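A short worksheet on the structure shown next.
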2 protein chains.
Amino acid sequence: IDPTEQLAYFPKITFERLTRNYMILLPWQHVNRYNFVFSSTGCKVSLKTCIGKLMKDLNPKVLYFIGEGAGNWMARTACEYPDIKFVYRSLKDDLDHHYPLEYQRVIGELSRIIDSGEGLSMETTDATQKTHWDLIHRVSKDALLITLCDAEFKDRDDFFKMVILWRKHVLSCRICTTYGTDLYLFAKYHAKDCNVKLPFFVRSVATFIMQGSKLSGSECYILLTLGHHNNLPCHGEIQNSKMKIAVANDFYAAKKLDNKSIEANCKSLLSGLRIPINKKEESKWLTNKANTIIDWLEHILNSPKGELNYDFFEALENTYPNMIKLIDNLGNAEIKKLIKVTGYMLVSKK
Amino acid sequence: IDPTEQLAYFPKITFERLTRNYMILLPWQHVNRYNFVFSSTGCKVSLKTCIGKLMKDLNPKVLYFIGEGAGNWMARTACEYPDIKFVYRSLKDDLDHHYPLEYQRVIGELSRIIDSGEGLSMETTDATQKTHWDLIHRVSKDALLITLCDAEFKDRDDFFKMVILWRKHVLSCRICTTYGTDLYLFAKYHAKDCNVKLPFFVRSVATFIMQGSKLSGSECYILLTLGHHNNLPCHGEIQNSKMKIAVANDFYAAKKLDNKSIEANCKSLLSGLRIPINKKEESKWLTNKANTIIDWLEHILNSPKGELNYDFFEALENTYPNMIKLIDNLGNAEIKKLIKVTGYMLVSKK
Ligand SMILES: Nc1ncnc2c1ncn2[C@@H]1O[C@H](CSCC[C@H](N)C(=O)O)[C@@H](O)[C@H]1O
Ligand SMILES: Nc1ncnc2c1ncn2[C@@H]1O[C@H](CSCC[C@H](N)C(=O)O)[C@@H](O)[C@H]1O
Ligand SMILES: [Zn+2]
Ligand SMILES: [Zn+2]
């Protein structure tokens with residue numbers, strides 16, 4: 001139940017601040033996330049590593065987490081800083097997690113989350129709605145020193161709607177205004193448009209590019225404060241930083257592995273067993289989906305041990321026939337689950 | 001959506017009214033129930049076959065169904081009599097179905113169920129509680145001409161608690177009393193104690209022994225009316241009637257087979273495909289449970305075609321090694337699902 005002891009199940013995070021390409025089809029950023037089931041985002045972004053000096057400078061007693069889904073990012077934060085309380089908000093709908101199901105799993109209980117948002121309307125859970133930020137202090141009367149946002153907006157221009165609303169709150173809140181300009185919002189951002197100017201009095205301190213970010217996108221985490229408005233990054237800038245990481249850096253695997261989680265993800269993709277190789281250095285009964293799953297994992301089993309980097313991952317994709325049959329027959333949720341189980345196999349090899 | 005056309009998915013019911021034994025381990029009474037998923041009871045008992053002449057004599061416009069789980073018995077009744085409305089009650093708890101999920105499936109909608117019991121307490125859903133029978137006319141102001149009970153009471157002596165309560169209602173109900181003694185309760189009964197006398201003024205018209213009843217039990221359906229109280233059956237009497245059926249009679253299979261249901265039950269026991277035999281007259285990747293499932297179904301595939309009766313079923317059990325490994329490794333819900341899929345395979349053979 002000790003928070004600092006649970007961090008051993010979390011992997012070492014590599015990031016970068018602000019002609020060789022890989023061409024892969026699988027979400028390989030999920031290799032070192034085998035120890036997690038409902039949410040996975042806690043493995044790509046970490047507060048102690050990315051904005052650790054900022055957490056020292058302004059010691060927040062309460063952290064405000066918006067658009068947090070299953071709460072894995074919040075969960076790692078609970079392990080990294082075992083004396084910090086949390087305020088949780090995530091969009092209330094059928095399609096996504098609106099309860100910290102992963103936090104509850106790795107931490108044990110919701111005691112440290114003083115306000116989980118239990119008993120709130122669809123409107124008061126949406127970061128793009130004024131009433132959400134109005135009811136943010138409904139329990140915690142602590143200022144929004146550091147506000148974390150990981151919301152995956154359907155129309156990406158909703159990012160701005162919540163940025164303006166964050167600004168509007170910190171500049172019109174009895175609690176927050178007593179801290180001045182030294183208030184930060186660490187939000188996930190996709191570069192839909194190049195060199196876009198931030199709303200009035202919103203400044204980008206730093207742009208963070210994650211190793212655990214999907215290689216094909218333009219996803220980055222930007223530290224926002226109150227100050228003279230500047231331009232946001234662009235697809236190009238992020239893409240070269242993302243690519244530079246993939247070549248040089250290798251994916252770090254969690255020091256300790258949670259067997260209960262490994263087995264959870266296994267049962268989750270398909271109800272069938274994983275095998276250790278006997279090397280010591282018909283399948284007609286399964287459905288088309290169940291076969292493609294086992295056949296990929298068989299290829300991983302038969303494949304030798306290699307460094308956990310996009311060089312070796314590209315090789316595993318190029319050494320497998322029916323790669324396109326695979327990506328078509330398995331949904332985005334299944335392929336992500338697949339890589340968690342694949343990464344475990346690759347870590348447990350030799 | 002036509003009720004009479006949906007009866008083709010229901011199997012022909014064989015029953016009996018009131019030294020050779022089989023020794024089987026699997027619930028074979030589930031062979032002809034491949035077309036059903038949430039509930040299965042509709043295949044062992046039918047009103048048009050068992051008490052068809054009684055439904056003619058007193059034409060009920062509304063039928064009262066208590067302890068009905070997923071509502072498959074009610075569903076077959078809807079097909080057998082396409083102009084009858086229903087009142088539904090089943091115990092409200094987490095462990096069992098308290099909504100007619102199977103009726104909704106085979107019929108399409110809950111339009112014919114005038115009172116599904118939606119918005120009732122745990123107490124008003126329990127047949128052993130006075131308030132249940134008090135709120136029975138909360139919608140339907142039609143007398144309890146024929147009341148059907150299939151409740152699977154934890155302590156079997158709760159059967160009497162509801163029988164006395166049924167009596168107490170029909171003899172103290174403004175609506176019901178206007179019909180006199182000619183009121184019937186068709187209830188499931190287990191012979192816990194031999195020759196037990198029914199409560200005062202409750203008479204057993206007939207005792208019904210089903211082919212689709214579990215061979216090892218003492219389950220029977222007894223038609224109860226208001227009259228001089230008589231004795232209930234006993235384990236012995238039922239057992240010889242149950243055995244007499246198993247020897248002579250063969251299980252009738254549904255004329256038409258619902259592919260959507262067959263596939264539902266398949267996915268339900270394990271997420272893997274069923275194969276047609278190519279005769280034209282490693283498995284290390286699966287878990288211990290998934291293997292025992294496939295290995296049994298492989299034995300059924302390799303086995304020749306035979307009559308759907310306990311003679312052939314005993315033979316299939318005696319021709320299979322690890323029969324005890326099977327019954328231990330698979331729960332009562334899984335083995336029941338297994339036989340539904342087994343029966344489909346046996347029906348689809350040659
Ligand atoms: N407009 C909006 N306002 C608030 N939350 C939103 C939103 N649009 C999407 N979301 C939330 O954003 C989430 C993206 S996933 C968040 C994962 C999280 N960082 C973790 O590690 O657990 C979704 O689950 C959804 O509930
Ligand atoms: N005391 C009680 N009062 C009412 N219902 C009860 C009960 N004890 C058990 N039950 C119900 O009895 C059901 C037995 S299964 C009923 C299946 C039904 N004939 C069909 O074909 O769909 C359980 O689902 C449970 O909800
Ligand atoms: Zn505030
Ligand atoms: Zn009445």
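Each chain in the structure tokens gets a letter, A, B and so on, in the order shown; residues start at 1 in every chain, and ligands are counted from 1 in the order they appear.
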Legend entry - Per-residue DSSP, stretch 6-174 of chain B, filtered to strand (DSSP E or B), as a count of residues only: 19
Inset, instruction - Using DSSP on the backbone, list every residue of stretch 17-230 of chain A that comes out as alpha helix (DSSP H), and give them as an MDAnalysis selection string. - result: chainID A and resid 47:50 52:57 72:80 101:107 130:134 158:170
Next, dump the selected residues to file, keeping only N, CA and C atoms, as a short mmCIF file (atom, residue, chain, number, x, y, z; two decimals), in the first residue's frame.
```
data_model
loop_
_atom_site.label_atom_id
_atom_site.label_comp_id
_atom_site.auth_asym_id
_atom_site.auth_seq_id
_atom_site.Cartn_x
_atom_site.Cartn_y
_atom_site.Cartn_z
N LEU A 47 5.26 14.02 -13.45
CA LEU A 47 5.50 15.36 -12.91
C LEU A 47 6.89 15.52 -12.29
N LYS A 48 7.37 14.52 -11.50
CA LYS A 48 8.69 14.56 -10.86
C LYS A 48 9.84 14.63 -11.87
N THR A 49 9.66 14.05 -13.07
CA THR A 49 10.72 14.07 -14.08
C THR A 49 10.62 15.33 -14.97
N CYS A 50 9.42 15.65 -15.50
CA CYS A 50 9.19 16.78 -16.42
C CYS A 50 9.22 18.15 -15.74
N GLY A 52 9.58 18.65 -12.16
CA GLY A 52 10.02 18.35 -10.80
C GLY A 52 10.50 19.54 -9.99
N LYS A 53 11.26 20.46 -10.64
CA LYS A 53 11.80 21.68 -10.03
C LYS A 53 10.67 22.68 -9.75
N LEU A 54 9.60 22.65 -10.56
CA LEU A 54 8.43 23.52 -10.40
C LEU A 54 7.61 23.10 -9.18
N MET A 55 7.53 21.78 -8.92
CA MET A 55 6.81 21.18 -7.78
C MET A 55 7.53 21.48 -6.45
N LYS A 56 8.85 21.73 -6.53
CA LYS A 56 9.73 22.10 -5.43
C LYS A 56 9.50 23.59 -5.11
N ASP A 57 9.58 24.47 -6.15
CA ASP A 57 9.42 25.93 -6.08
C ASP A 57 8.11 26.34 -5.44
N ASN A 72 -4.34 7.21 -14.26
CA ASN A 72 -3.00 6.62 -14.12
C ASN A 72 -1.91 7.67 -13.92
N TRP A 73 -2.03 8.84 -14.59
CA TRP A 73 -1.08 9.95 -14.46
C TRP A 73 -1.13 10.44 -13.01
N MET A 74 -2.35 10.61 -12.48
CA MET A 74 -2.62 11.02 -11.10
C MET A 74 -2.05 9.98 -10.14
N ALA A 75 -2.15 8.68 -10.51
CA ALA A 75 -1.65 7.54 -9.74
C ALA A 75 -0.13 7.58 -9.56
N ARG A 76 0.63 7.85 -10.66
CA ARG A 76 2.09 7.95 -10.61
C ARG A 76 2.49 9.14 -9.76
N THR A 77 1.73 10.25 -9.87
CA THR A 77 1.95 11.48 -9.11
C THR A 77 1.80 11.20 -7.61
N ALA A 78 0.82 10.34 -7.24
CA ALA A 78 0.58 9.91 -5.86
C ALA A 78 1.75 9.13 -5.29
N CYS A 79 2.47 8.39 -6.15
CA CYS A 79 3.64 7.61 -5.76
C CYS A 79 4.86 8.51 -5.66
N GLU A 80 5.01 9.44 -6.63
CA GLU A 80 6.14 10.39 -6.71
C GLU A 80 6.16 11.40 -5.57
N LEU A 101 -10.35 4.60 -11.78
CA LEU A 101 -10.31 3.14 -11.72
C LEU A 101 -8.90 2.56 -11.65
N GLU A 102 -7.90 3.26 -12.23
CA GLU A 102 -6.50 2.84 -12.22
C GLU A 102 -5.82 3.35 -10.95
N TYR A 103 -6.22 4.55 -10.47
CA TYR A 103 -5.70 5.14 -9.24
C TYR A 103 -6.10 4.19 -8.12
N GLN A 104 -7.42 3.86 -8.05
CA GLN A 104 -8.05 2.94 -7.10
C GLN A 104 -7.31 1.59 -7.09
N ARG A 105 -6.81 1.18 -8.26
CA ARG A 105 -6.10 -0.08 -8.43
C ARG A 105 -4.66 -0.07 -7.87
N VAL A 106 -3.83 0.92 -8.28
CA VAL A 106 -2.42 0.98 -7.85
C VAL A 106 -2.24 1.56 -6.44
N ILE A 107 -3.11 2.50 -6.03
CA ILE A 107 -3.03 3.16 -4.72
C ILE A 107 -3.81 2.38 -3.64
N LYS A 130 -17.86 26.73 -18.53
CA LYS A 130 -17.63 27.68 -17.43
C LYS A 130 -17.98 27.13 -16.04
N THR A 131 -19.12 26.42 -15.92
CA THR A 131 -19.61 25.84 -14.67
C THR A 131 -18.66 24.79 -14.05
N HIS A 132 -17.80 24.15 -14.88
CA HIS A 132 -16.80 23.16 -14.46
C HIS A 132 -15.78 23.81 -13.54
N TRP A 133 -15.22 24.95 -13.99
CA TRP A 133 -14.22 25.75 -13.29
C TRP A 133 -14.84 26.54 -12.14
N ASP A 134 -16.17 26.72 -12.16
CA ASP A 134 -16.88 27.43 -11.08
C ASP A 134 -17.00 26.51 -9.87
N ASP A 158 -11.08 22.69 -29.03
CA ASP A 158 -11.71 22.78 -27.71
C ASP A 158 -10.62 23.02 -26.65
N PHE A 159 -9.33 22.74 -27.00
CA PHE A 159 -8.14 22.96 -26.16
C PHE A 159 -8.12 24.41 -25.74
N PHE A 160 -8.34 25.32 -26.71
CA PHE A 160 -8.36 26.76 -26.49
C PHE A 160 -9.52 27.19 -25.59
N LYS A 161 -10.72 26.59 -25.79
CA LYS A 161 -11.91 26.86 -24.98
C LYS A 161 -11.61 26.67 -23.50
N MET A 162 -10.88 25.59 -23.14
CA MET A 162 -10.53 25.34 -21.74
C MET A 162 -9.34 26.21 -21.27
N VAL A 163 -8.40 26.57 -22.18
CA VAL A 163 -7.25 27.42 -21.83
C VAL A 163 -7.76 28.80 -21.41
N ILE A 164 -8.67 29.40 -22.23
CA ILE A 164 -9.30 30.69 -21.94
C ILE A 164 -10.06 30.59 -20.62
N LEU A 165 -10.80 29.48 -20.40
CA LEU A 165 -11.53 29.24 -19.16
C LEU A 165 -10.63 29.07 -17.95
N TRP A 166 -9.41 28.52 -18.13
CA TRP A 166 -8.45 28.37 -17.04
C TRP A 166 -7.97 29.76 -16.67
N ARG A 167 -7.63 30.58 -17.70
CA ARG A 167 -7.19 31.96 -17.53
C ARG A 167 -8.28 32.76 -16.80
N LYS A 168 -9.52 32.72 -17.33
CA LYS A 168 -10.68 33.42 -16.78
C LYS A 168 -10.91 33.08 -15.30
N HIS A 169 -10.60 31.84 -14.88
CA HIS A 169 -10.75 31.41 -13.50
C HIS A 169 -9.65 31.98 -12.60
N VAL A 170 -8.37 31.72 -12.93
CA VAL A 170 -7.21 32.17 -12.13
C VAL A 170 -7.13 33.70 -11.96
#
```
Inset, instruction - Output the neighbourhood of ligand 3 as a list in words, that is, all protein and nucleic acid residues with some atom at most 9 Å from the ligand, counting only C-alpha atoms and all ligand atoms. - result: residues 133, 134, 136, 137, 141, 142, 143, 144, 169, 170, 171, 172, 173, 174, 175, 176 and 177 of chain A
Write out as a PDB file with N, CA and C atoms, in the first residue's frame each polymer residue (protein, DNA or RNA) that has an atom no more than 7 Å from ligand 2, with only C-alpha atoms and all ligand atoms counted.
```
ATOM      1  N   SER B  39     -31.663 -17.078 -20.272  1.00  0.00           N
ATOM      2  CA  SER B  39     -32.472 -18.075 -19.581  1.00  0.00           C
ATOM      3  C   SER B  39     -32.717 -19.256 -20.491  1.00  0.00           C
ATOM      4  N   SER B  40     -33.014 -20.396 -19.891  1.00  0.00           N
ATOM      5  CA  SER B  40     -33.129 -21.656 -20.601  1.00  0.00           C
ATOM      6  C   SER B  40     -34.396 -22.452 -20.269  1.00  0.00           C
ATOM      7  N   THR B  41     -35.019 -22.173 -19.092  1.00  0.00           N
ATOM      8  CA  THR B  41     -36.180 -22.847 -18.480  1.00  0.00           C
ATOM      9  C   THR B  41     -37.396 -22.994 -19.423  1.00  0.00           C
ATOM     10  N   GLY B  42     -37.533 -22.099 -20.399  1.00  0.00           N
ATOM     11  CA  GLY B  42     -38.610 -22.156 -21.388  1.00  0.00           C
ATOM     12  C   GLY B  42     -38.660 -23.441 -22.198  1.00  0.00           C
ATOM     13  N   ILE B  66     -44.195 -15.072 -11.400  1.00  0.00           N
ATOM     14  CA  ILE B  66     -43.370 -14.765 -10.232  1.00  0.00           C
ATOM     15  C   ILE B  66     -42.089 -15.631 -10.246  1.00  0.00           C
ATOM     16  N   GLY B  67     -40.989 -15.063  -9.738  1.00  0.00           N
ATOM     17  CA  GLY B  67     -39.654 -15.669  -9.706  1.00  0.00           C
ATOM     18  C   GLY B  67     -39.181 -16.096 -11.081  1.00  0.00           C
ATOM     19  N   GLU B  68     -39.353 -15.200 -12.079  1.00  0.00           N
ATOM     20  CA  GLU B  68     -39.144 -15.460 -13.501  1.00  0.00           C
ATOM     21  C   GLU B  68     -37.760 -15.197 -14.114  1.00  0.00           C
ATOM     22  N   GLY B  69     -36.752 -14.800 -13.330  1.00  0.00           N
ATOM     23  CA  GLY B  69     -35.400 -14.565 -13.844  1.00  0.00           C
ATOM     24  C   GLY B  69     -35.352 -13.862 -15.190  1.00  0.00           C
ATOM     25  N   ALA B  70     -34.663 -14.444 -16.193  1.00  0.00           N
ATOM     26  CA  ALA B  70     -34.554 -13.807 -17.515  1.00  0.00           C
ATOM     27  C   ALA B  70     -35.831 -13.864 -18.394  1.00  0.00           C
ATOM     28  N   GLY B  71     -36.880 -14.525 -17.908  1.00  0.00           N
ATOM     29  CA  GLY B  71     -38.181 -14.612 -18.565  1.00  0.00           C
ATOM     30  C   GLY B  71     -38.312 -15.450 -19.819  1.00  0.00           C
ATOM     31  N   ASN B  72     -37.617 -16.599 -19.908  1.00  0.00           N
ATOM     32  CA  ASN B  72     -37.723 -17.490 -21.075  1.00  0.00           C
ATOM     33  C   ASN B  72     -39.033 -18.284 -21.092  1.00  0.00           C
ATOM     34  N   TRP B  73     -39.529 -18.711 -19.911  1.00  0.00           N
ATOM     35  CA  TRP B  73     -40.791 -19.449 -19.777  1.00  0.00           C
ATOM     36  C   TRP B  73     -41.920 -18.524 -20.248  1.00  0.00           C
ATOM     37  N   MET B  74     -41.887 -17.262 -19.786  1.00  0.00           N
ATOM     38  CA  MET B  74     -42.835 -16.215 -20.147  1.00  0.00           C
ATOM     39  C   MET B  74     -42.760 -15.950 -21.652  1.00  0.00           C
ATOM     40  N   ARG B  89     -42.635 -10.531 -12.012  1.00  0.00           N
ATOM     41  CA  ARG B  89     -41.982 -10.379 -10.715  1.00  0.00           C
ATOM     42  C   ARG B  89     -40.895 -11.431 -10.627  1.00  0.00           C
ATOM     43  N   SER B  90     -39.714 -11.038 -10.151  1.00  0.00           N
ATOM     44  CA  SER B  90     -38.546 -11.891  -9.925  1.00  0.00           C
ATOM     45  C   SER B  90     -37.701 -11.181  -8.875  1.00  0.00           C
ATOM     46  N   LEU B  91     -37.071 -11.938  -7.954  1.00  0.00           N
ATOM     47  CA  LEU B  91     -36.285 -11.361  -6.859  1.00  0.00           C
ATOM     48  C   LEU B  91     -35.214 -10.389  -7.329  1.00  0.00           C
ATOM     49  N   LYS B  92     -35.239  -9.183  -6.740  1.00  0.00           N
ATOM     50  CA  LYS B  92     -34.304  -8.114  -7.049  1.00  0.00           C
ATOM     51  C   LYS B  92     -33.046  -8.268  -6.196  1.00  0.00           C
ATOM     52  N   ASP B  96     -28.891 -12.673  -9.392  1.00  0.00           N
ATOM     53  CA  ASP B  96     -29.839 -13.201 -10.388  1.00  0.00           C
ATOM     54  C   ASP B  96     -30.460 -12.121 -11.284  1.00  0.00           C
ATOM     55  N   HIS B  97     -31.027 -12.551 -12.433  1.00  0.00           N
ATOM     56  CA  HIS B  97     -31.723 -11.682 -13.379  1.00  0.00           C
ATOM     57  C   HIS B  97     -33.048 -11.256 -12.752  1.00  0.00           C
ATOM     58  N   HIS B  98     -33.341  -9.954 -12.799  1.00  0.00           N
ATOM     59  CA  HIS B  98     -34.574  -9.375 -12.257  1.00  0.00           C
ATOM     60  C   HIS B  98     -35.291  -8.554 -13.336  1.00  0.00           C
ATOM     61  N   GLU B 102     -34.380 -12.260 -21.659  1.00  0.00           N
ATOM     62  CA  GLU B 102     -34.577 -13.295 -22.675  1.00  0.00           C
ATOM     63  C   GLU B 102     -35.891 -13.048 -23.419  1.00  0.00           C
ATOM     64  N   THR B 125     -40.514  -7.661  -4.456  1.00  0.00           N
ATOM     65  CA  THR B 125     -40.146  -8.590  -5.532  1.00  0.00           C
ATOM     66  C   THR B 125     -40.042 -10.040  -5.012  1.00  0.00           C
ATOM     67  N   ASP B 126     -39.911 -10.217  -3.675  1.00  0.00           N
ATOM     68  CA  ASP B 126     -39.810 -11.513  -2.991  1.00  0.00           C
ATOM     69  C   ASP B 126     -41.203 -12.120  -2.801  1.00  0.00           C
ATOM     70  N   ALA B 127     -41.442 -13.313  -3.391  1.00  0.00           N
ATOM     71  CA  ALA B 127     -42.723 -14.027  -3.312  1.00  0.00           C
ATOM     72  C   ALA B 127     -43.085 -14.486  -1.895  1.00  0.00           C
ATOM     73  N   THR B 128     -42.080 -14.595  -0.998  1.00  0.00           N
ATOM     74  CA  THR B 128     -42.254 -15.007   0.399  1.00  0.00           C
ATOM     75  C   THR B 128     -42.643 -13.831   1.316  1.00  0.00           C
ATOM     76  N   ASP B 150     -41.517 -20.030 -10.764  1.00  0.00           N
ATOM     77  CA  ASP B 150     -40.325 -20.835 -11.058  1.00  0.00           C
ATOM     78  C   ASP B 150     -39.171 -20.458 -10.122  1.00  0.00           C
ATOM     79  N   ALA B 151     -39.495 -19.712  -9.056  1.00  0.00           N
ATOM     80  CA  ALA B 151     -38.541 -19.246  -8.062  1.00  0.00           C
ATOM     81  C   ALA B 151     -37.669 -20.376  -7.526  1.00  0.00           C
ATOM     82  N   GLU B 152     -36.356 -20.132  -7.502  1.00  0.00           N
ATOM     83  CA  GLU B 152     -35.372 -21.082  -7.009  1.00  0.00           C
ATOM     84  C   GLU B 152     -34.965 -20.571  -5.636  1.00  0.00           C
ATOM     85  N   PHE B 153     -35.784 -20.916  -4.631  1.00  0.00           N
ATOM     86  CA  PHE B 153     -35.590 -20.515  -3.237  1.00  0.00           C
ATOM     87  C   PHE B 153     -34.304 -21.111  -2.674  1.00  0.00           C
ATOM     88  N   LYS B 154     -33.512 -20.313  -1.913  1.00  0.00           N
ATOM     89  CA  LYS B 154     -32.263 -20.808  -1.319  1.00  0.00           C
ATOM     90  C   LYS B 154     -32.590 -21.902  -0.312  1.00  0.00           C
ATOM     91  N   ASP B 158     -39.172 -22.136   1.783  1.00  0.00           N
ATOM     92  CA  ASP B 158     -39.709 -20.823   1.438  1.00  0.00           C
ATOM     93  C   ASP B 158     -40.852 -20.995   0.417  1.00  0.00           C
TER      94      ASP B 158
END
```
Per-residue nearest contacts of stretch 173-277 of chain A to stretch 322-338 of chain A (12 Å; only C-alpha atoms) as a tab-separated table:
```
residue	atom	partner	partner_atom	distance
A:214	CA	A:336	CA	11.0
A:261	CA	A:337	CA	11.8
A:262	CA	A:337	CA	10.6
A:263	CA	A:337	CA	11.7
A:264	CA	A:337	CA	10.3
A:265	CA	A:337	CA	6.5
A:266	CA	A:337	CA	8.1
A:267	CA	A:337	CA	10.1
A:268	CA	A:337	CA	7.6
A:269	CA	A:337	CA	6.0
A:270	CA	A:334	CA	9.2
```
Inset, instruction - Could you please select, counting only C-alpha atoms, the residues of chain B within 10 Å of chain A and state them as a list in words? - result: residues 267, 270, 271, 272, 273, 274, 275, 282, 283, 284, 285, 286, 287, 288, 289, 290, 291, 294, 295, 297 and 298 of chain B
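Proximity to ligand 4 was assessed for B:24, B:149, B:87, B:232 counting only C-alpha atoms and all ligand atoms; the smallest distance is recorded for B:87.
Nearest-residue note for ligand 1: choosing from A:300, A:43, A:135, A:183, the minimum distance belongs to A:43, counting only C-alpha atoms and all ligand atoms.
Between atom 6 (C, counted along the ligand's line) of ligand 1 and atom CA of residue A:45 the interatomic distance comes to 17.4 Å.
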Inset, instruction - Tell me, as a count of residues only, which residues lie within 6 Å of stretch 6-14 of chain A, counting only C-alpha atoms; anything in the same chain fewer than 4 positions away does not count. - result: 8
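Taking only C-alpha atoms, the non-local environment of residue B:17 within 8 Å (same-chain residues fewer than 3 positions away omitted) comprises residues 206, 207, 208 and 209 of chain B.
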Legend entry - Nearest to ligand 1, chosen from A:215, A:18, A:301, A:37, with only C-alpha atoms and all ligand atoms counted in the distances: A:37
